[PDB]
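Residue numbers (the deposited numbering), protein chains in the order written: chain AD, 88 to 258; chain AK, 28 to 128; chain AZ, 54 to 102; chain AY, 317 to 395; chain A1, 47 to 243; chain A4, 78 to 198, 242 to 285, 291 to 635; chain AC, 36 to 167; chain AH, 102 to 189; chain AG, 68 to 176, 195 to 396. Encoded as structure tokens, the structure appears first; notes follow it.
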Amino acid sequence: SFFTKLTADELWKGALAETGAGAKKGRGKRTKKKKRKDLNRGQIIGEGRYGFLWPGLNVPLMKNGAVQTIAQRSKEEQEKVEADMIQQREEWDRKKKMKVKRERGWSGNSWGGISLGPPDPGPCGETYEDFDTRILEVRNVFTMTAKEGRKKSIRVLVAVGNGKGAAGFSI
Amino acid sequence: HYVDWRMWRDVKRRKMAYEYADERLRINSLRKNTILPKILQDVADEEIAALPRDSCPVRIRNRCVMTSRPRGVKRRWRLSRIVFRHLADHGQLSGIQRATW
Amino acid sequence: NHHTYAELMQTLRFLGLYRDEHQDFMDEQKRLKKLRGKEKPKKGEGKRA
Amino acid sequence: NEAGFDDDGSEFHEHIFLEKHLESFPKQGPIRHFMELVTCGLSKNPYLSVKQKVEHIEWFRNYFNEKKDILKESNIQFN
Amino acid sequence: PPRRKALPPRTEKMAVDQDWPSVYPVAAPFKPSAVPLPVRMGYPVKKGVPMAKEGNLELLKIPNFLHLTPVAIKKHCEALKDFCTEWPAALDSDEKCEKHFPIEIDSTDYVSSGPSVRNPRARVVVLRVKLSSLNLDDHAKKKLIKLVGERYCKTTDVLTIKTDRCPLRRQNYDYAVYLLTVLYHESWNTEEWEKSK
Amino acid sequence: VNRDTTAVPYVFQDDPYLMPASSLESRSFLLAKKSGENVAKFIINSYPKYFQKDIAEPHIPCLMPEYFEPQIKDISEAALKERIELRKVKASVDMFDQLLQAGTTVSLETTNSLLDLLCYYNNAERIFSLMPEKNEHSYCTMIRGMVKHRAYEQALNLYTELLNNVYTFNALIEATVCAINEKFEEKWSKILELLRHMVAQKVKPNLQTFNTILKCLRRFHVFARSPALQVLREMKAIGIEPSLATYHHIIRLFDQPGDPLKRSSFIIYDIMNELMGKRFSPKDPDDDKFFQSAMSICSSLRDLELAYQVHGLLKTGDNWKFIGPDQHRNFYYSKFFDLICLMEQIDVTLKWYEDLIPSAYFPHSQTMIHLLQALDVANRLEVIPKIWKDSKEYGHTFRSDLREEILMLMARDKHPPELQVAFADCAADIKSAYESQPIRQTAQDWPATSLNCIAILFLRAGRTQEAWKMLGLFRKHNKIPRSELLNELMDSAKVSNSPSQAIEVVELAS
Amino acid sequence: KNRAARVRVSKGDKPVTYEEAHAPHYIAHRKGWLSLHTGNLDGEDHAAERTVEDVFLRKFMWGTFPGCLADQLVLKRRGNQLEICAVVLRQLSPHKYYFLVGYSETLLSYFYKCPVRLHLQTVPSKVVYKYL
Amino acid sequence: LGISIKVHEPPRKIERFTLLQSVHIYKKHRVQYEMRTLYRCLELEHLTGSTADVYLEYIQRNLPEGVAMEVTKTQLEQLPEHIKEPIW
Amino acid sequence: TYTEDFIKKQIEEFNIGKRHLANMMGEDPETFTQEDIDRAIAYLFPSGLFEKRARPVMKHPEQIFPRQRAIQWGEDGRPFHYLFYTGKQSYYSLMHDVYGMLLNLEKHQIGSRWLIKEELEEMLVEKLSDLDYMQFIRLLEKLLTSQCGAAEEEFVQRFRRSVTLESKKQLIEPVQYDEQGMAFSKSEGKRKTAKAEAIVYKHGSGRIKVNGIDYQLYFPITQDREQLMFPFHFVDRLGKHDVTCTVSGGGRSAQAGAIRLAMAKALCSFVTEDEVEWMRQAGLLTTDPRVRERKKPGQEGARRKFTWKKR
RNA sequence: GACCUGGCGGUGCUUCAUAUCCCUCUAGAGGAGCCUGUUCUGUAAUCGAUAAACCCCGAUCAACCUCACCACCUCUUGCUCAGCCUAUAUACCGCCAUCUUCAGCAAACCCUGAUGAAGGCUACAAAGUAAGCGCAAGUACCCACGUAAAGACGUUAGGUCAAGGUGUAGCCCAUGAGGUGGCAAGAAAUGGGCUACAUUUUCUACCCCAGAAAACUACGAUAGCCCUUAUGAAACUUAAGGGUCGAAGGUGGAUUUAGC
RNA sequence: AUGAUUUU
Ligand SMILES: [K+]
Ligand SMILES: [K+]
Ligand SMILES: [K+]
Ligand SMILES: [K+]
Ligand SMILES: [Mg+2]
Ligand SMILES: [Mg+2]
Ligand SMILES: [Mg+2]
Ligand SMILES: [Mg+2]
Ligand SMILES: [Mg+2]
Ligand SMILES: [Mg+2]
Ligand SMILES: [Mg+2]
Ligand SMILES: [Mg+2]
Ligand SMILES: [Mg+2]
Ligand SMILES: [Mg+2]
Ligand SMILES: [Mg+2]
Ligand SMILES: [Mg+2]
Ligand SMILES: [Mg+2]
Ligand SMILES: [Mg+2]
Ligand SMILES: [Mg+2]
Ligand SMILES: [Mg+2]
Ligand SMILES: [Mg+2]
Ligand SMILES: [Mg+2]
Ligand SMILES: [Mg+2]
Ligand SMILES: [Mg+2]
Ligand SMILES: [Mg+2]
Ligand SMILES: [Mg+2]
Ligand SMILES: [Mg+2]
Ligand SMILES: [Mg+2]
């Protein structure tokens with residue numbers, strides 16, 4: 088039925104299942120997580136399967152100084168449009184599947200030795216483009232809470248330096 | 028394109044009950060009086076029994092027109108309780124609010 | 054009239070004047086299942102038969 | 317609340333007084349008593365038009381004509 | 047090129063002395079670009095203020111009386127004054143109205159919203175008449191009261207007849223008048239079986 | 078209620094983003110809305126079953142699915158008449174041929190109706249020949265169809281056949302004038318001959334006959350001026366009241382592209398006196414063109430009083446509905462506003478500007494130029510920045526003709542400091558418009574006069590640094606600053622005691 | 036705990052409007068109804084019909100104007116006239132807005148056999164009442 | 102328009118009902134809804150048919166959405182010709 | 068954060084809209100008040116939301132917008148107040164002034198409530214703590230107790246607000262005269278779903294007509310007659326007045342209580358002021374708010390709960 | 001080995017619970033009959049809830065329909081651009097339960113612990129400032145009282161794939177659709193409720209001044225049997241009324257519920 | 001007096 092339908096957000100929220108008791112105490116793995124895909128990205132208003140051309144929405148309102156009439160693309164032309172849309176979708180999927188190489192630190196999966204880039208500028212027009220920040224240790228410390236039980240927190244040690252004798256560290 | 032086959036059967040029963048409705052009324056009028064002869068009344072009983080089953084008005088159930096729920100349906104809006112509450116909470120129903128007194 | 058309320062919107066969507074997020078979600082999921090390998094068996098094609 | 321709705325220009329006497337349609341029906345007997353009840357119900361009915369009110373009477377006349385043999389068994393004569 | 051820029055609201059072009067009824071001729075949804083009123087609506091947040099008229103859905107959810115300003119109402123009534131007649135001066139009091147028009151007719155019209163306007167409650171017609179006005183002697187008065195039964199209230203000396211059988215209001219009115227006529231004539235008529243009272 | 082000035086036309090939305098800015102945008106938005114209505118109607122007609130559910134009481138026939146199909150498929154006269162009513166020209170003629178081959182009789186009225194459909198929308245000639253009996257109605261409609269199809273000689277020949285055996294005479298008059306290119310007197314003699322035929326047949330000429338004659342006489346620019354009055358006297362003698370199209374034909378004929386136009390002035394004066402205080406009704410398809418043609422005469426004669434008489438006649442009662450289509454209303458409003466700016470007090474002209482623009486129409490770039498010229502004549506230059514803001518609102522930001530006129534007018538003479546600062550702000554806004562021209566996709570224009578005026582205004586307002594930036598634009602765009610501009614630069618340098626600036630002015634001057 | 040039409044708290048960067056930030060118990064106290072009609076009145080009828088029409092109209096407008104509507108719709112009925120008021124964005128061109136408005140009004144008028152009039156109020160962005 | 106009018110406020114009506122708060126096995130917890138109908142009666146006396154028709158048309162067209170109107174008539178009539186005297 | 072320039076723009080917009088609103092309503096723009104603005108807003112934009120702040124409001128920007136203090140540091144960044152680096156300059160400067168006045172006084176030697202905390206925040210703009218409020222009140226009280234000068238008395242009165250002390254004296258119905266000239270008083274009483282209107286004459290034969298029926302016949306229960314005797318017997322006026330009372334709604338006991346309240350209030354127009362006060366202190370002039378409590382869903386009754394099973 | 005936090009303690013002290021822990025106050029349940037759920041037994045015959053937080057619960061409700069169960073039979077692009085009340089509530093959206101008859105949850109900063117998990121208060125003040133949610137305040141009913149409503153973050157992988165939608169997995173001559181017929185009971189136990197065991201009662205007039213009955217013809221079934229009536233096409237079955245009979249029950253074991 | 005094994 089038409090009324091037994093939901094919106095994109097109402098469907099993706101259920102499909103992704105980000106909430107729930109599973110993702111609260113490490114009861115599920117992150118490997119099988121699926122990412123949300125926008126279905127309104129490549130779609131243009133006025134495009135249909137039948138390939139009708141509506142003046143003012145799908146095609147320009149006036150052509151050669153005259154108002155266009157309602158037209159319909161040929162079967163071959165519509166097949167070309169469908170093939171173009173499929174090719175664009177596959178290219179977009181390929182770009183997402185492309186992986187950007189990241190320089191590893193002391194080890195392949197170790198956060199130590201990885202640079203965090205220049206420090207964030209201060210609110211008073213102060214910049215630290217000369218300084219460089221690198222990570223030394225990332226540790227997941229835990230504490231016990233009455234309600235939630237184990238409480239997970241991240242402790243990170245970093246070091247900043249400019250290369251001219253001025254340097255420091257913080258946690 | 029209805030919600031389910033149960034709703035589709037209910038629609039068919041309503042359509043077949045809307046038909047044959049006057050014929051049932053006329054025959055049942057003969058059956059529901061003592062003035063007419065008993066033999067004629069018995070023949071009317073045979074005719075109304077021989078009428079199609081789906082034409083019987085008691086086979087119609089007031090299901091939800093949104094989720095095909097056979098129970099928990101308000102007759103004024105023809106909606107199930109869950110759908111009615113969802114619309115009322117969203118505010119899409121005029122003049123309906125939470126009752127506090 | 055659920056037949057009217059469904060076919061009319063289906064016609065509008067095929068004419069490019071109505072966008073249905075739910076229908077797009079179903080089509081995308083069906084396409085992904087076909088790519089994964091799980092495709093709807095055709096009528097008369099009995100896997101158990 | 318009634319614009320665009322006319323019941324063929326019928327009047328109150330046509331809608332109510334349906335005894336003129338019982339000329340075929342016998343004026344005495346249980347059949348007459350039953351038809352008096354039917355006509356009284358049709359006259360009190362506000363949701364029916366004159367055409368369908370006559371149609372109910374026509375159906376009863378046809379049904380009684382078909383079942384005249386049963387009426388003969390029960391010592392009743394129709395038309 | 048940059049996206050199309052919305053023009054400044056026409057309230058700036060509007061002057062203080064303006065024909066507001068002309069600005070809002072009929073009932074229209076609230077438009078901040080057309081209403082030169084800095085009206086705010088909405089429950090304020092902590093250390094906040096009610097939301098501005100631009101984008102305020104609450105203002106849009108209010109049936110506005112902009113088209114019904116007092117100046118507009120007076121002007122509309124002045125134009126419509128040509129369409130109205132004058133009540134008779136002789137019927138100054140309700141007693142005189144009752145004296146000249148003993149029969150009163152009551153009917154109800156219903157205004158609804160939606161594609162359909164049909165309403166079965168619009169067929170009811172009520173006819174009230176005082177039996178004192180009717181030319182009734184002792185026999186006719188008593189027979190009429192017995193015939194009508196509870197339809198006549200002795201305290202008010204008023205006979206009330208309600209007709210709803212007829213599908214149309216005009217047919218109900220005709221039936222009500224016909225019932226009153228036959229009741230009056232039969233009440234005056236004397237039958238032999240009445241001697242067994 | 079009364080007409081409101083700040084509001085846009087009622088057809089458009091009342092949203093700042095949705096309201097049109099220019100006349101071209103106004104036309105495009107209406108066409109887009111009409112396109113949407115056509116698309117919706119096409120969907121309804123293509124799929125009627127989705128809308129066959131009556132829920133409104135009383136019934137609304139217009140809001141119902143449309144059916145234009147020959148339901149009766151049987152080959153019969155009744156179904157043939159149905160297709161004639163449905164105006165299916167191809168189906169009707171094929172069915173008529175099949176009916177004729179079958180041998181069943183066809184009524185004369187049905188045959189005449191088929192001819193009327195074919196003539197308005242060969243096959244018609246073949247059917248006309250195949251008619252066992254050709255009646256005067258069939259001859260008349262065939263002549264009218266030929267005249268509509270520009271077969272004037274064929275129509276005249278058919279009329280000769282009819283003679284051997291009102292609208293017809295109108296077709297004949299058009300046919301005689303258009304088929305041949307003889308002299309005006311010969312065409313007038315042909316018209317008189319047709320009138321003599323009309324008298325012989327006892328047929329009364331009508332308003333359409335008179336309008337067709339006048340438009341045919343209009344084809345001769347000057348030869349048929351006096352005969353137009355003769356036709357007009359004939360109309361009065363018969364008793365036919367002239368229509369707006371009749372007056373439109375008279376003015377377009379009597380008034381020609383000539384210098385004196387003394388008789389044209391007399392004709393329009395008499396027509397306005399004749400039509401003063403009179404309401405009008407639709408009588409002829411050319412009634413709309415009357416007001417635009419009259420306004421053109423008013424603009425040509427430079428008679429604003431006459432234009433106000435035309436405007437007053439338009440606003441009398443329901444005569445405003447005869448203003449005409451969009452192109453007619455644009456021409457009428459533009460000429461009316463231009464004449465107002467030319468021959469009226471500036472204060473009343475501003476009142477007319479507020480009442481008309483933009484409620485009546487979106488002004489053209491030339492109209493805005495004329496308004497600036499009127500302000501220049503009135504020596505009220507404080508409104509020039511306001512006109513620039515109006516031009517930006519109305520879509521005249523990048524025409525570059527108004528920009529040059531505004532800059533030249535502001536920098537023409539010195540002003541009090543308050544007005545000078547306002548002019549400097551307007552010049553900066555125009556400078557930003559030049560920096561953001563949509564024409565920059567092809568080329569960017571920085572006129573030397575525009576650069577000089579902006580720099581002069583900045584210097585007079587005290588924007589010395591901005592003037593140096595303007596000088597940088599001068600050497601960037603290969604434009605030479607004027608001597609007066611250099612003198613102002615030297616004065617500023619001397620005030621600031623800056624020999625470096627003085628050397629800079631000398632260097633750029635050399 | 037209740038979770039009926041309530042936008043729960045979050046990190047604090049979630050923008051919400053006035054309608055969606057107010058819980059259903061605030062109806063008729065701090066916010067009004069999104070639809071007005073005489074169906075839900077003592078003695079009146081066709082409440083179910085109005086509800087079905089309102090649901091279809093909201094879904095039809097949502098699909099007809101993808102990425103355009105900012106807030107919910109205000110539906111009003113006066114006799115035979117139907118008024119649909121929407122707050123939309125400005126991303127689309129005015130030609131597309133006018134084309135859809137004309138198409139939507141004509142299609143709905145023929146479908147529901149009543150004069151349907153659509154009004155649009157464009158805003159630069161979605162109005163944020165608060166950040167939950 | 103010069104019409105004598107009297108306005109009073111009839112008592113309001115509140116229609117309340119209850120529904121299940123949850124979807125399952127939670128009969129105890131309920132959610133209660135209500136519909137409030139406020140009445141306003143305006144009685145206009147001593148007017149003619151033409152004046153009444155104009156007034157009704159004006160108010161009905163200006164009636165805001167979500168408001169229902171019921172107009173009760175009181176028409177004055179004389180005795181019918183047949184009931185003038187007892188012919189029977 | 069709202070700047071002063073934004074406030075000025077809102078004030079200008081408010082003035083323009085006020086003149087436009089007066090033009091719309093067809094009244095004099097000069098003699099237009101906030102009440103006139105409120106009436107116009109209510110009529111033009113009718114809102115039935117129970118919370119008033121959710122309705123459309125058009126007031127002055129000063130009242131609508133909150134109050135913010137000016138920036139203490141200028142272009143050079145130097146704060147303008149000596150006690151700026153305390154974070155609560157307004158409070159501490161006020162405490163400094165009070166302490167200074169206390170030193171000066173040492174050298175020299195019902196409706197007034199102390200300022201509430203919330204209004205103290207408004208006066209001092211900056212936020213204060215509960216104990217900060219307590220310390221400020223303590224200093225003001227100590228200042229008031231000490232010998233106050235003219236300036237000190239003015240300073241103390243600055244931080245005080247007037248309180249209207251409502252009197253508990255029972256109102257007296259005006260005495261009316263009937264056709265016969267007899268004096269009488271008319272009053273009303275209300276019990277739970279019971280309403281009674283009583284007309285009590287100054288002099289009479291001690292009769293009490295309830296709905297045209299004598300009391301012993303209308304209320305056969307002795308307790309109801311005890312209720313009717315309570316007012317007159319209390320003021321020692323038993324049998325010296327006549328009462329004609331009509332009661333409707335409720336049970337027999339509710340009707341008796343409603344009549345008792347109506348007669349007692351009507352009798353107050355004939356008894357002395359001390360007797361009126363004594364009746365009020367005896368409970369004869371106070372309406373009883375005890376009414377039937379609504380039943381709640383999920384419960385057998387108002388407070389009664391369903392049977393609870395541990396397992 | 002020594003610590004941080006939480007939980008727990010038949011762990012100390014102080015104040016405490018206001019239908020509330022005990023001594024107290026009222027009326028009940030548990031024993032009788034009946035109505036209605038559940039557990040076990042039986043048939044060919046659904047499913048779910050099933051400590052507090054299930055048990056007149058999904059149902060503001062089942063002779064056909066509902067029905068999703070079973071037996072038999074019938075149909076194959078199937079009312080649907082299919083369909084599936086099929087397995088997973090331990091993938092979820094959506095409505096909820098409970099602590100809550102709480103008051104805490106905290107973004108963004110700063111400080112302390114030698115820069116460890118972590119902690120951050122003393123008012124005659126000693127490192128905390130705090131946006132926001134909740135509480136509070138407003139709002140609804142008869143007031144400012146009371147009752148509603150509201151009640152965050154989280155716990156119980158709590159309940160709901162059978163309101164509806166949906167991820168994954170499964171079938172497509174069947175785990176889909178339709179027709180006919182049929183079960184939904186009691187060996188036994190138990191939850192909730194109704195009616196009684198009577199004299200502060202039973203019948204009658206009355207709605208509060210009476211007359212009768214009152215221990216084997218007293219009280220007491222809404223139980224059983226027969227008849228009639230109402231709806232329905234279909235009433236041995238649903239309901240109401242009348243007729244017939246007058247059973248257990250004589251204040252209830254351990255235990256337990258609600259009320260300011 | 002007791003609370004089956006693996007489940008961050
Ligand atoms: K017990
Ligand atoms: K599932
Ligand atoms: K029990
Ligand atoms: K294991
Ligand atoms: Mg690796
Ligand atoms: Mg049923
Ligand atoms: Mg709860
Ligand atoms: Mg109780
Ligand atoms: Mg028991
Ligand atoms: Mg079970
Ligand atoms: Mg189970
Ligand atoms: Mg079955
Ligand atoms: Mg069954
Ligand atoms: Mg199945
Ligand atoms: Mg399992
Ligand atoms: Mg769960
Ligand atoms: Mg309170
Ligand atoms: Mg509660
Ligand atoms: Mg609260
Ligand atoms: Mg579980
Ligand atoms: Mg379970
Ligand atoms: Mg199966
Ligand atoms: Mg008993
Ligand atoms: Mg019995
Ligand atoms: Mg029966
Ligand atoms: Mg007995
Ligand atoms: Mg053991
Ligand atoms: Mg263990």
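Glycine is no exception: its CB is placed at the ideal position from the N, C-alpha and C atoms.
Asked	Found
Completely contained alpha helix (DSSP H) runs for the segment 463-526 of chain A4, where each covers 4 or more residues	471-481, 490-503, 509-518
Helix, strand or coil at residue 223 (chain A4) [DSSP, three-state]	Examination of chain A4 shows a numbering gap from 198 to 242; residue 223 (chain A4) is inside it and therefore has no coordinates.
Exposure of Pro541 (chain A4), with buried meaning 16 or more beta-carbon neighbours within 10 Å	exposed
Contacts of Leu140 (chain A4) in chain AC (Cβ-Cβ under 7 Å)	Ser144, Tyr145, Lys148
Three-state secondary structure assigned by DSSP to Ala235 (chain AG)	helix
Selection from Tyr147 (chain AC), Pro59 (chain AC), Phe100 (chain AC) that minimises the alpha carbon distance to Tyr71 (chain AZ)	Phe100 (chain AC)
Cβ pair count under 8 Å reaching 3, the segment 143-163 of chain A1 against the segment 136-153 of chain AG	no
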